[PDB]
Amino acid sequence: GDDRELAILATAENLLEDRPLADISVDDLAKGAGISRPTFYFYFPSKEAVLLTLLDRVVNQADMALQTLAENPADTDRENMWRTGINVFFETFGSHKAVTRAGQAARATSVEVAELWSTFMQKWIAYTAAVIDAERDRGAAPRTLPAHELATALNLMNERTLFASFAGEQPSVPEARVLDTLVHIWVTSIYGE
């Protein structure tokens, strides 16, 4: 039951590493999972539904890691606090590059994917803004931009920049430089002038 579903999901993620979803057939997923095509349709209405489930697993993995960090602050400076948080997304999405790339493309064509994306970005922006507000309340950061608007731009930067790096887009920041680049921009814009 759950094992056949997990096999479909694992087959899809493996296949997505070498071709887009448009070039993956329901028969390809069934074959890789060791099941028939009608048995596949018992577990998933379509191949798009499989991608939705994969993306749901990745974004919840990142969200749960961020929640763990928020409850267990590492004892360190302000720059390291932001780096450890941005690293959650660098490492989680960077460990699932094929699902990340496919989910990014599916947002233009799937309202379900677009709504999942929007839901979690709203959550992560709200958390970012809450941390900025706490830094301002304690006197560590100046009251410059509205914190929620600043948080929105910084999160959109991370989404676009991380995913360009993972996909090797031209142009992009090299993957080995992207964490340092983003941390610099977050720390200077949150604590500067």
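C-alpha atoms forming the largest set that superposes within 1.5 Å between two forms make up the rigid core. Numbers follow the displayed sequence, beginning with 1.
RMS Cα shift after core superposition in 9 other deposited structures of this protein, winner of 44-52 and 65-73: Higher average C-alpha offset in 9 other deposited structures of this protein goes to 65-73.
Which of 74-82 and 106-114 lies farther from this form in 9 other deposited structures of this protein, as RMS of C-alpha positions after a rigid core fit: Stretch with the larger root mean square C-alpha distance in 9 other deposited structures of this protein: 74-82.
Entry-level comparison of average CA B-factors, 86-94 and 110-118, reporting the higher stretch: It is 110-118 that shows the higher mean C-alpha B-factor.
Residue range whose averaged C-alpha B-factor is higher in the record, 28-36 or 58-66: Taking the mean B-factor of the alpha carbons in each, 28-36 is higher.
Residue with maximal Cα B-factor (values as given in the PDB entry) among 180, 18, 169, 175: Most elevated C-alpha B-factor of the set, per the entry: 18.
Modelled-residue ranking by C-alpha temperature factor, third containing residue 185: Residue 185: CA B-factor falls in the lowest third of its chain.
Cα B factor band for residue 148 (lowest, middle or highest third within the chain): Lowest third - that is where residue 148 ends up once the chain's C-alpha B-factors are sorted.
Where the record places residue 46 (Cα B-factor, split into thirds across the chain): Highest third.
Ranked C-alpha temperature factor of residue 137 among modelled chain residues, by third: For residue 137, the deposited C-alpha B-factor lands in the highest third.
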